[PDB]
Protein chains: 4
Amino acid sequence: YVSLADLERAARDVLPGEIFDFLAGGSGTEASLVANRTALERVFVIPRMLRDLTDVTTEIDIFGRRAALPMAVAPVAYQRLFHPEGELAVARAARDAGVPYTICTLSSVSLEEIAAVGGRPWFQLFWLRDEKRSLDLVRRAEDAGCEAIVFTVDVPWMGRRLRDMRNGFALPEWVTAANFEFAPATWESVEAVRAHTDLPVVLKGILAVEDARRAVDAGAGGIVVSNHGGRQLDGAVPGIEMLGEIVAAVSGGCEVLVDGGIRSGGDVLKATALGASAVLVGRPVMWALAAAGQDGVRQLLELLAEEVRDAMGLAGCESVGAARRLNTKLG
Amino acid sequence: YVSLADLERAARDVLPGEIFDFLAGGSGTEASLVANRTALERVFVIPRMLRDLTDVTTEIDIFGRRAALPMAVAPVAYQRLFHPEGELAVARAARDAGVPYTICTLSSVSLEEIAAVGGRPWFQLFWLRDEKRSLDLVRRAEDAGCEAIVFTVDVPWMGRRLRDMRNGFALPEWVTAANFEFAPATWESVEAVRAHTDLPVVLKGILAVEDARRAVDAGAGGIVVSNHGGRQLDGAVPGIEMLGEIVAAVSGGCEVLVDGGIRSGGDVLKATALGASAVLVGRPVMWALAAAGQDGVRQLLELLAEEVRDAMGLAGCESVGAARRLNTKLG
Amino acid sequence: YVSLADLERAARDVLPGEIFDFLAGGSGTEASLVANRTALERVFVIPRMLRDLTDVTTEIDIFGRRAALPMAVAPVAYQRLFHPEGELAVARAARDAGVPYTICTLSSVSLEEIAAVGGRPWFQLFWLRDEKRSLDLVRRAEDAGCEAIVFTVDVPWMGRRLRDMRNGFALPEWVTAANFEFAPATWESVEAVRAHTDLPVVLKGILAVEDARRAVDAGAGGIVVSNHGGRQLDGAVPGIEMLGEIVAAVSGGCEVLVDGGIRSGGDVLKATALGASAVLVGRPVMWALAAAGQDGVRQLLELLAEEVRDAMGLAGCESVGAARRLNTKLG
Amino acid sequence: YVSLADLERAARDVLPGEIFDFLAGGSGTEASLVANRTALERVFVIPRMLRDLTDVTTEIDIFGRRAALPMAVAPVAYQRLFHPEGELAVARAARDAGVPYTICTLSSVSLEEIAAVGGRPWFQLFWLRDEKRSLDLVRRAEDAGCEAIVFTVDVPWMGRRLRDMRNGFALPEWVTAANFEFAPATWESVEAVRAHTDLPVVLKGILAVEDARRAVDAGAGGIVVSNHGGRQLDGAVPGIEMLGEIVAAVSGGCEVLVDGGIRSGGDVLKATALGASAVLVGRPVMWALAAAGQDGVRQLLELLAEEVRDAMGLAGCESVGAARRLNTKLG
Ligand SMILES: Cc1cc2c(cc1C)N(C(=O)C[C@@](O)(CF)C(=O)O)c1c([nH]c(=O)[nH]c1=O)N2C[C@H](O)[C@H](O)[C@H](O)COP(=O)(O)O
Ligand SMILES: Cc1cc2c(cc1C)N(C(=O)C[C@@](O)(CF)C(=O)O)c1c([nH]c(=O)[nH]c1=O)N2C[C@H](O)[C@H](O)[C@H](O)COP(=O)(O)O
Ligand SMILES: Cc1cc2c(cc1C)N(C(=O)C[C@@](O)(CF)C(=O)O)c1c([nH]c(=O)[nH]c1=O)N2C[C@H](O)[C@H](O)[C@H](O)COP(=O)(O)O
Ligand SMILES: Cc1cc2c(cc1C)N(C(=O)C[C@@](O)(CF)C(=O)O)c1c([nH]c(=O)[nH]c1=O)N2C[C@H](O)[C@H](O)[C@H](O)COP(=O)(O)O
């Protein structure tokens, strides 16, 4: 595999159509799904030359841990849909690559099993109709050694997935929510979580500048600027189009991550240059899992690592901090 | 049917080609027809998160009536072209859905019959060469219980419909103007109508900011920002491209509706976020009528209602007023 | 024929390929040829409503004559290439339609014969290596009753026509320059012409704002803002993209015409709304000539007249002056 | 051959696929490769009319030599890949056309042999792991009569060429680096070179404005604003998009060249109008070499010369300096 695009072809071959569609699809007309890609394609980097590259490092410190790349595996529900080892395969590969892995509320293997893999994982929370259930998940995650709570705030309910409707998609009997519905979360829910844990709380799905500011005021340790991979509001702006404005508004008050459409080390560089602390990567990790299990995810992460190093050095950046100081131009 | 686009395919199957073309077509090269779609596709919504969605309501108050959605059925002439029950089928479905229905001057069933369906309908006026005929229609409409006069101001004569010319299109003998030519309307005509009725007068086909301002000065209760679905001046700007500027200029002095290319609840949200009080929907209602009569229109309206509710909540809006305060970004 | 595009198809059928290519083609990669169309397609008109249209008139006064439309036939060399009656057929149709016809220096029928048709024609001048020959043409044109000298200033030599090169195109033996090489014209040449005639001198091929200003200072009665239909500098800006800036800079000091890509009455309206006094139309007139001779050109001009009237009225303009006060929006 | 595009077709026919791909390809997704073309296509020239063109000259003075055109042959490694005479064929044609030829560090014929061809050549330097080797090349180049050192600064290592990876591309045994690895160059390396030679040092691969300024401060005689033909950082801005800003910032302190996507005399004109002193041309010279050896390159250079003269005169420019004063408009 020489690009992330090689793996999508491989995953389409192996997966049942309705499962590939559950993975690939977005809401509505898939306008936001396509825009996530279009938005990255319009960004060009202005590289610097003639800088010292004797010790190029792609490492970052985030939420109290060193990570090997400015990247984490996005929360993707029900990974046993894609490979029988599901979340364990992905978590093992992430651990070995030094990349944080986000354990999902809707994981198909229990959060404690995935945490036991090691690698200092994060935990993604959905707010549930029974509040105590959500707060119990938080405490479970913390007890199991998760290092951040990624509170997904853009799912008061699931978006309208027309592929899933047309396919009549449902989970196979062999895939379940192993940690066991959606309730709208509010700012009150955020405070309840913040009071229940000393872990950093990261709000995922922020697109409005004022919501980013309020996240900082609320004590969030980070935000993920995200339209949920085009799966929630169809017509929601891409995160990458809001990122610079949001970075400016928070002015270092929390970590600002982005996701949606990251498909190369060059895309990571673009996100960094627009001010991201790190990115999340979703669909490509699942392509790799479907194509070749743990080894597939390993190969994907090694490829991404090489592409990030390559892009950084070609752009004159010996560190991720330097990459954040790069300028960009829209084309 | 899971999207409005499902119904267009269904209508193309059933309708005679020349009738589908009368419905689908625009004037000239259809530049304005296509631009109505392009303009909506370029708008992205910046959703809000973490707001109370315990009682999301899509209702509005407009022209003294509660409506279930920020939407009305656009005036479309000669609905018996599309289904034998024509306007009665559409009016019944609109009534049952709590959506205003606009009875046309060129309706193929008499305005009194359509009004008797109930549902507090509106009446669309064309100015005719014989002025007294136009004012008589106004009084007929008012006597029959119509609640607003939608004065269409963008048809001094019919635009050049090249599909209709190429097809040699003419009304079948079985379709007539049941209320029984065009004269240019002027501001004087508007005043004559305003003096003849206490109903709100709504000027449909306004695109210039100064004309919106003058509409308010003239005592209009509303305007519809509209290029007549691309059927009149070919090269006329889409209403959606003028809407924000017009909303700012009238500064609450009348209701500001928009139409042209609305094809989903997400499109309704975009229009609302740009400042519209409500939208009109034309072609899709006729697709539904052609495909399945009254039940087809019912299904379309239920689908639109669900999509509007979905989009609003995903965008953090518990009310249409909140949706009007959303920001947008061009992509 | 219901659009100008109908006639292109008809002309392609009848003409020999190399002649159609001489007509259709541009220089280089045809970037400027395509951009002339793209530029018009991006312009949208903001129409006005509710204005008095009791006596819509498309007439203008220009260079001391009333014209039926804000349009003239562009200078196109060697019209016998397209039909045996060549320039006489086109001039007769233009006369009958009340549209000025521009007689070319490279006409395939003598300028005196074409002038004898009537219709108060214009004469297009090329500066020739022998200066006295150019000034003799001016005097011939004036003696024959031409009413303006259209001095083409964008042909110091012919552009690189790759279609003509690839085809090995040459004039048939039966087509000649009946008035009988290129020398670069300069501002000195303009003054020589201005001193030799009391007719208005119109400089055709102006694109720079400073050149438009200088044209006024030089005593020009008009300019044609033009990239020569994409046939001269490949990569030259379309005239329509410079027109508004040029109109502002000359501030009524001369007539400002535009050409390039005008294919409908709506396009005429766009040009007018951007500030043009009138347009020239080239290729479509030749399509009509090729398709059906004099009657073809008559039908084209009647179609254009109807489209101009239609567009003007739909846009709320009872006169061309009103159309010039319309606003536009780029899409 | 009537355009540069004719020669690409010819080269594709003759070359082995993997060699054509080594030539044509870029890094990553080839975003920067495509953008080099897109960027030029969006630029339109505003030509001037009515200027004296009695003695149009395309000559420039650069780095102490007159050149026949504002153009040089870009450094392209391993020219024996494309034709058996390789660099000697290209250098001979360049000499005869009065165009500078850039001898590569990775030339497949020794720099002394290519210099012996004559034509006052330039020498392109890569910084090598063994510094003394790089400085020895500089002295060799100077001793052999090269007139400028083009220090390529955008290759700390080779970009990721997915075509080459997929093809398993390697040099044939019959092609070698005849002057005999990459080390990142720094500003210190630039100073070492500047101290080692009195020849002008030209830094190739500058895209950031601050790096252009620093180049002047460092004593560079020129820069080449360049993304290395889209072969290095995928997502790097095209040079043509940075050129105007860079020209303004250096404010005559060094020569500013550009490359990437130059495919015609019109493109040369665009670059000049944006402020370039001269351009480099890469791939097209290799197409000509592959298609027809020395004579092919001769024909290409004669074609480019004619296109440059044509474009300049059509734009009203009797000199390259005049062309630099042309204005442009984005379309
Ligand atoms: C591809 C994908 C994504 C999600 C999920 C599944 C699949 C298959 N999640 C869910 O499916 C949960 C949900 O069932 C809720 F309605 C859904 O979206 O279908 C998943 C999710 N984000 C998140 O916070 N939790 C989730 O569990 N997401 C969103 C991701 O975290 C992330 O924002 C996107 O993958 C980023 O875009 P990419 O990198 O894919 O372009
Ligand atoms: C699709 C369609 C629309 C009209 C009509 C017919 C058909 C088939 N009307 C007419 O046909 C009248 C007319 O014969 C006059 F020349 C014509 O346009 O053909 C119709 C009309 N608008 C209006 O105010 N009265 C009409 O009667 N319109 C315009 C609509 O009210 C409305 O502006 C558009 O449907 C909005 O765009 P959509 O929602 O279709 O994208
Ligand atoms: C289509 C066409 C145009 C010309 C000419 C021929 C043909 C076939 N003329 C010439 O061919 C002269 C010339 O041989 C000189 F090099 C050439 O362009 O080939 C013609 C001409 N404009 C002009 O002022 N005199 C000409 O004689 N032009 C340019 C036109 O006046 C006018 O600017 C364009 O037709 C406007 O674009 P359109 O309306 O075609 O989009
Ligand atoms: C087409 C091409 C270009 C290079 C080279 C080879 C080939 C086949 N060079 C190299 O291949 C060296 C290298 O092996 C290093 F990694 C590579 O790019 O593959 C070549 C080079 N530029 C340069 O300064 N030295 C080189 O030797 N370049 C870049 C060119 O100097 C120049 O910047 C581009 O050709 C400009 O774009 P074009 O005019 O091609 O659109």
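Residues numbered from 1 in each chain as written, not as in the entry; some residues may be left out. Chains lettered and ligands numbered in written order. Heavy atoms only, no water.

Draft legend 1. View of the overall build of chain A. When its secondary structure is counted, chain A shows 13 helices and twelve strands. Whereas a compact globule of 331 residues would reach a radius of gyration of roughly 20 Å, chain A reaches 18 Å, a difference of no more than 12%. In terms of principal-axis extent, the alpha carbons of chain A reach across some 55 × 45 × 40 Å. In chain A, which comprises 331 residues, the share counted as buried stands at 65%. Carbon and sulfur atoms provide 47% of the accessible area of chain A, an area that totals close to 11,500 Å². (Helix = DSSP H or I, 4+ residues; strand = E, 2+ residues; numbered from the N terminus. Rg over C-alpha atoms; globule rule 2.2 N^0.38 Å. Buried < 20%, exposed > 50% of the residue type's maximum accessible area, 1.4 Å probe, protein only. Areas by Shrake-Rupley, 256 points an atom, 1.4 Å probe, with all protein chains shown as cover.)

Draft legend 2. Here's a closer look at the site of ligand 3. All names here are of chain C. Around ligand 3 sit 25 residues, and of these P75, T152, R161, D259 and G261 come closest. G261 is positioned with one of its backbone polar atoms (N or O) 2.7 Å from an oxygen atom of ligand 3. Isolated, ligand 3 exposes 730 Å² of accessible area, and the fraction of that covered by the protein chains is 99%. Residue composition of the shell around ligand 3, grouped by class: eleven nonpolar, eight polar and six charged. (Near = heavy atom within 4 Å. Polar contact = N/O pair within 3.5 Å; in protein donor to acceptor, adjacent residues only side chain to side chain. Nonpolar A, V, L, I, M, F, W, Y, C, P; charged D, E, K, R; others polar.)

Draft legend 3. Just the site of ligand 1, in detail. Residue and element names in this part refer to chain A. Around ligand 1, a shell composed of 25 residues is seen, among which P75, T152, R161, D259 and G261 lie nearest. Between ligand 1 and the protein, one listed contact pairs an oxygen atom with a side-chain N or O atom of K204 at 3.0 Å. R283 is positioned with one of its side-chain polar atoms (N or O) 3.0 Å from an oxygen atom of ligand 1. Contact with the protein chains hides 99% of the accessible area of ligand 1, taken as 730 Å² for the molecule alone. A class-by-class count of the residues in the shell around ligand 1 yields eleven nonpolar, eight polar and six charged.

Draft legend 4. Inspection of the packing of helix α4 (residues 86–97) of chain B against helix α12 (residues 283–314) of chain B at higher detail. Residue and element names in this part refer to chain B. Remark: α4 packs on α12, axes separated minimally by 8 Å, with the N-to-C direction vectors making an angle of 20°. The pairing of α4 with α12 is recorded here as roughly parallel in orientation. Where α4 crosses over α12, the handedness of that crossing is left-handed. On α12, the residues that touch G86, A89, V90, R92, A93, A94, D96 and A97 of α4 are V285, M286, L289, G293, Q294, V297, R298 and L301. Classifying every residue of the contact of α4 with α12 gives ten nonpolar, three polar and three charged. (Axes fitted to C-alpha atoms, helices over the stretch in contact; angles between N-to-C directions. Parallel < 35°, antiparallel > 145°, perpendicular 65-115°, else oblique. Left-handed = near helix turned anticlockwise from the far one by under 90°. Contact = heavy atoms within 4.5 Å.)

Draft legend 5. Expanded view of the sheet that holds strand β4 (residues 71–73) of chain C. All names here are of chain C. Ordered by their spatial adjacency, eight strands build an open sheet running β4-β11-β10-β9-β8-β7-β6-β5, and the pairing between neighbours is parallel. Unpaired on one side and paired on the other, β4 and β5 (102–104) mark the two borders of the sheet. On average, each strand axis in the sheet is tilted by 30° relative to the strand beside it, whichever way the strands run. (Pairing = 2+ DSSP bridges.)

Draft legend 6. A look at the nonpolar core. A:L203, B:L203, C:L203 and D:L203 are the most contacted members of the largest nonpolar core, which totals 532 residues. Setting aside residues up to four positions removed in sequence, C:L203 forms contacts with C:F151, C:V153, C:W187, C:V190, C:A215, C:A220, C:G222, C:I223, C:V224 and D:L50. (Core = buried A, V, L, I, M, F, W, Y, C linked by side-chain atoms within 4.5 Å.)

Draft legend 7. Quick look at the state of the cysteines. Scanning the entire structure with this criterion turns up zero disulfides over all chains. No disulfide involves A:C146; its sulfur sits 11 Å from that of A:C104, the nearest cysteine. (Disulfide = S-S within 2.5 Å.)

Draft legend 8. Seen up close, the packing of helix α6 (residues 131–143) of chain C against helix α8 (residues 187–196) of chain C. All names here are of chain C. Running from N to C, α6 and α8 point in directions that differ by 35°, and their axes come no closer than 10 Å. For the element pair α6 and α8, the recorded crossing hand is right-handed. Where α6 abuts α8, its residues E131, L135, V138, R139 and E142 lie against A192, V193 and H196. Residues that form the contact of α6 with α8 fall into these classes: four nonpolar, one polar and three charged.

Draft legend 9. Local environment of the interface of chain B and chain C. Across the contact, 31 residues belong to chain B and 27 residues belong to chain C. Buried surface at the junction of chain B and chain C, summed over both partners, amounts to about 2,400 Å²; 67% is from carbon and sulfur atoms. It is B:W157, B:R160 and B:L233 that lose the most area in chain B upon contact with chain C, and together they represent 29% of the buried surface on that side. Where chain B packs against chain C, one counts three salt bridges. A salt bridge links C:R48 to B:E210, with the nearest nitrogen and oxygen atoms 3.3 Å apart. Taken together, the connections running from chain B to chain C amount to nine residue pairs in polar contact. At three residues, helix α7 (residues 162–167) of chain B tops the list of elements feeding residues into the side of chain B that touches chain C. (Buried area = accessible area lost by both parts, 1.4 Å probe. Salt bridge = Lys/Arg side-chain N within 4 Å of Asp/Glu carboxyl O.)

Draft legend 10. Structural view of the interface of chain D and chain A. On the chain A side, the residues contacting the 31 residues of chain D number 27 residues. Buried area between chain D and chain A, both sides added, is near 2,400 Å², and the carbon and sulfur share of it is 67%. Considering only the surface of chain D that becomes buried against chain A, D:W157, D:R160 and D:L233 emerge as the three largest contributors, covering 29% of it. Taken together, the connections running from chain D to chain A amount to three salt bridges. Close ionic contact of D:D211 with A:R48 constitutes a salt bridge, the shortest N to O distance being 2.9 Å. Inspection of the region where chain D meets chain A yields nine residue pairs in polar contact.

Draft legend 11. Up close: the pattern of salt bridges. One pass over the structure, following the stated rule, counts 68 salt bridges over all chains. A salt bridge links D:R163 to D:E30; the shortest N-O distance between them is 2.9 Å. Here D:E30 lies in the loop between α2 (17–24) and α3 (31–41) and D:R163 lies in helix α7 (residues 162–167), a separation of 133 residues in the sequence. Judged by relative accessible area, D:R163 falls into the partly exposed class, the value being 26%. D:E30 gets classed as buried once you look at its relative accessible area, which sits at 15%. The structure contains a network of salt bridges with shared partners spanning A:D6, A:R9 and D:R166.

Draft legend 12. The arrangement of helix α10 (residues 239–250) of chain A in detail. All names here are of chain A. For α10, every residue scored as buried is listed here: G239, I240, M242, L243, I246, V247 and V250. Along α10, the residues classed as buried sweep out an arc of 145° about the axis, all on the same side. Once α10 ends, the next one or two residues include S251, with phi positive near 45°. (Arc of directions from axis to C-beta.)

Draft legend 13. Here's a closer look at the environment of D:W174. All names here are of chain D. With respect to the helices and strands, the residue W174 is situated in the loop between α7 and α8 (187–196). Judged by relative accessible area, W174 falls into the partly exposed class, the value being 43%. When the C-alpha positions of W174 and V14 are compared, they lie 18 Å apart, and in sequence the two are 160 residues distant. Excluding anything up to four places from it in sequence, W174 contacts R80 and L81.

So yeah, pure geometry; function would need other evidence.
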